[PDB]
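> Enclosed are the sequence and the experimentally obtained structure.
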Amino acid sequence: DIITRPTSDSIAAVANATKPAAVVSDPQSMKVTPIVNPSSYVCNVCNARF
Amino acid sequence: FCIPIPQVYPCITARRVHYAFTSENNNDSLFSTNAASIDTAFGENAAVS
């Protein structure tokens, strides 16, 4: 069995105040495509693709 | 082939990923760069030969 005593209002306010965005969009981002192509999947034994 | 466009001011360039590049100097067809400007700051600073 579990319970959850909610945190005090004060500390919650402080914590929510400081929350930078984890995913920001900027034009200079050092883009790198996937190493393996995610589109096609090849049967490693009979080379049949899907 | 992919080539950066020469710029006329010191800019901030993003790190890029390149794969292809030849083995000799096959660049003779290039005539000039930034002809209308006063100087090429970052890119290939080609001038009239």
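That came through fine. Numbering: from 1, shown residues only, chains lettered A, B, ... in the order given.
> Roughly how far does the residue in chain B that chain A sits nearest to sit from residue B:45?
Here chain B gets closest to chain A at one residue, residue B:14, 3.7 Å apart by C-beta to the nearest C-beta. (C-beta placed from N, C-alpha, C; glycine too.) Using C-beta to C-beta, to the nearest Å, residue B:14 is found at 21 Å from residue B:45.
> can you check residue B:5 too?
13 Å.
> who's sitting farthest from the centroid in the chain?
No chain in the question, so chain A it is. In terms of distance from the mean C-alpha position of chain A, residue A:46 ranks first, at 34.6 Å (C-alpha atoms, centre = their mean).
> nope, chain B
Distance-from-mean max, chain B, by C-alpha atoms, centre = their mean: residue B:23 at 17.6 Å.
> Return the residues in contact with the residue nearest the centre of chain B.
The centroid of chain B falls nearest to residue B:44 when counting by C-alpha atoms, centre = their mean (3.2 Å). Going by C-beta atoms under 8 Å, 6 or more residues apart in numbering or on different chains, residue B:44 touches B:6, B:30, B:33.
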